[PDB]
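First the structure, in the form of structure tokens, and then the observations on it.
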2 protein chains.
Amino acid sequence: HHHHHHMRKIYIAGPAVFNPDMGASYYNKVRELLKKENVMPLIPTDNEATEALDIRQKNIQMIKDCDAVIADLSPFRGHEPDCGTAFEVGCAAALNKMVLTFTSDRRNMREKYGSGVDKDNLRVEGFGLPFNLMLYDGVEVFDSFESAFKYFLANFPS
Amino acid sequence: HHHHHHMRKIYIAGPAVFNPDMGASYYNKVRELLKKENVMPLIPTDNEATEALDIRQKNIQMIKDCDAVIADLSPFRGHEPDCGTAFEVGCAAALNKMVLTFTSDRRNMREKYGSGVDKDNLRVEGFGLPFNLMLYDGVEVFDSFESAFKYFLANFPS
Ligand SMILES: Nc1cccc2cnccc12
Ligand SMILES: Nc1cccc2cnccc12
């Protein structure tokens with residue numbers, strides 16, 4: 001009765017890293033929430049290397065090692081989600097990982113831009129989705145990290 | 001004779017799809033360039049489905065089927081590349097595909113934003129790269145589709 005026990009792991013994707021505090025406040029909240037459920041956060045800035053390629057490789061490895069990704073696809077520098085987060089969602093999708101997404105703005109892209117085109121006459125997607133359709137996989141788009149985490153707990157038990 | 005011959009295939013990732021012509025002018029130029037070298041373009045809008053999930057699945061399948069991705073990481077709706085393209089680059093990276101990227105703007109992110117922070121005091125990466133570090137894998141960032149394609153021809157022969 002001392003079998004190996006898998007500790008669940010979630011990759012914490014999102015532009016919080018670009019906050020003035022490098023994501024400290026966001027990541028601390030994540031750490032506290034996950035601690036209660038014995039889930040390990042895999043955080044992009046953990047044991048951060050100095051070289052871009054090393055940072056990238058470590059983050060890809062975290063995605064490979066995770067049970068799920070919870071991705072913050074909130075508006076970043078406009079109505080579009082963060083590209084880095086989008087890359088990570090793509091990585092996870094290719095590796096058949098559970099991907100859970102949330103955003104602070106759930107309106108359709110055309111509601112966000114107020115038109116079928118942006119200010120430069122570039123087409124805004126019309127699929128009833130809050131962001132680029134590649135980022136949607138059929139799972140509900142959540143309103144917060146917490147709500148996404150509740151789905152994880154219900155659908156990925158120990 | 002009459003052994004099976006593999007036709008090389010390149011997934012054409014980029015926000016040209018959002019042009020007023022749905023990328024017609026871009027894709028036509030791509031088709032002509034690749035035709036000369038017996039390379040098949042895998043284009044996001046080819047045989048386009050109506051449902052978001054079907055379009056997504058077909059595009060993921062194209063990446064799975066490709067020999068390389070040439071991704072247009074040009075500024076889209078600001079200094080950041082397109083998120084959908086970023087997702088596709090992520091997918092390709094996880095699948096160990098050759099990923100080739102280009103941009104119309106090769107300046108470092110901090111040169112583009114003119115500061116180490118944006119207008120909202122959000123951190124701009126300082127790794128001497130033109131975009132989010134996740135999008136760089138050690139291969140040169142090219143100036144055009146054509147220059148990326150030249151690398152493909154030199155590094156993925158028939
Ligand atoms: N784009 C990025 C991905 C993963 C970690 C990072 C840490 N600092 C800046 C940018 C990052
Ligand atoms: N985001 C997208 C990915 C692949 C194909 C598309 C076609 N139209 C709009 C958006 C697309």
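Reminder, nothing fancy here: chain letters follow the sequence lines and each chain counts from 1. These numbers come from the heavy atoms of this one structure, side chains and all, not from hydrogens, waters or symmetry mates.
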Is [Y] reachable from [X] through a run of hydrophobic residues whose side-chain heavy atoms are each under 4.5 Å from the next?
{"X": "A:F102", "Y": "A:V141", "value": "no"}
{"X": "B:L53", "Y": "B:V17", "value": "no"}
{"X": "B:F145", "Y": "B:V89", "value": "no"}
{"X": "B:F76", "Y": "A:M109", "value": "no"}
{"X": "A:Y136", "Y": "A:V69", "value": "no"}

[atom1]-[atom2] distance between [X] and [Y], expressed to the nearest 0.5 angstrom:
{"X": "B:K29", "Y": "B:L34", "atom1": "NZ", "atom2": "CG", "result": "14.5 Å"}
{"X": "A:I55", "Y": "A:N47", "atom1": "CD1", "atom2": "CG", "result": "12.0 Å"}
{"X": "B:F87", "Y": "A:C91", "atom1": "CZ", "atom2": "SG", "result": "9.5 Å"}
{"X": "B:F152", "Y": "B:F142", "atom1": "CZ", "atom2": "CZ", "result": "12.0 Å"}
{"X": "B:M134", "Y": "A:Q57", "atom1": "CE", "atom2": "CD", "result": "8.5 Å"}
{"X": "B:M98", "Y": "B:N96", "atom1": "CE", "atom2": "CG", "result": "12.0 Å"}

Open item on the list: Run A:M7 and A:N38 through side-chain contact (heavy atoms from CB on, under 4.5 Å) and show every step you take.
Closed with: CA-CA 7 Å; A:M7 186 178 284; A:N38 194 49; 3.3 Å; yes

Decide whether [X] and [Y] meet the rule of one side-chain donor and one side-chain acceptor closer than 3.5 Å.
{"X": "B:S158", "Y": "B:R8", "result": "yes"}
{"X": "A:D21", "Y": "A:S25", "result": "yes"}
{"X": "A:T103", "Y": "A:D105", "result": "no"}
{"X": "B:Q61", "Y": "B:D65", "result": "yes"}

Taking the side chain as C-beta and beyond, is there a heavy-atom pair between [X] and [Y] under 4.5 Å?
{"X": "A:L42", "Y": "A:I12", "value": "no"}
{"X": "A:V99", "Y": "A:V139", "value": "no"}
{"X": "B:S74", "Y": "B:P15", "value": "no"}
{"X": "A:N59", "Y": "A:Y11", "value": "yes"}
{"X": "A:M40", "Y": "A:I10", "value": "no"}
{"X": "A:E80", "Y": "B:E80", "value": "no"}
{"X": "B:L95", "Y": "B:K64", "value": "yes"}

Task: Worked verdict on B:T85 versus B:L73 for side-chain contact (heavy atoms from CB on, under 4.5 Å) - done: CA-CA 7 Å; B:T85 306; B:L73 293 179; 3.7 Å; yes

Open item on the list: Looking at B:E32, I'd like to know if its CD atom is crowded, meaning that more than 12 non-hydrogen atoms belonging to other residues, nucleotides or ligands lie closer than 6.0 Å.
Closed with: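 Atom CD in B:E32 is not packed in, count stays at 12 or less.
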
Open item on the list: Check this for me: B:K112, atom NZ, are more than 12 non-hydrogen atoms of other residues, nucleotides or ligands nearer than 6.0 Å?
Closed with: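 Result for NZ/B:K112: enclosed.
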
Open item on the list: Tell me if a side-chain donor or acceptor on B:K58 pairs with a main-chain N or O of B:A49 at a distance below 3.5 Å.
Closed with: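 No, the answer is negative, given that no donor and acceptor are paired below the 3.5 Å cut-off.
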
- [ ] Kindly assign one of parallel, tilted or perpendicular to the pair A:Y113 and A:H79, based on the angle between their ring planes and the thresholds 30° and 60°.
- [x]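 The arrangement is perpendicular - the two ring planes meet at more than 60°.
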
Open item on the list: Working note: A:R56 + B:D137, criterion side-chain contact (heavy atoms from CB on, under 4.5 Å); need CA distance, chi angles, decisive distance, verdict.
Closed with: CA-CA 8 Å; A:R56 178 179 174 274; B:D137 76 353; 3.6 Å; yes

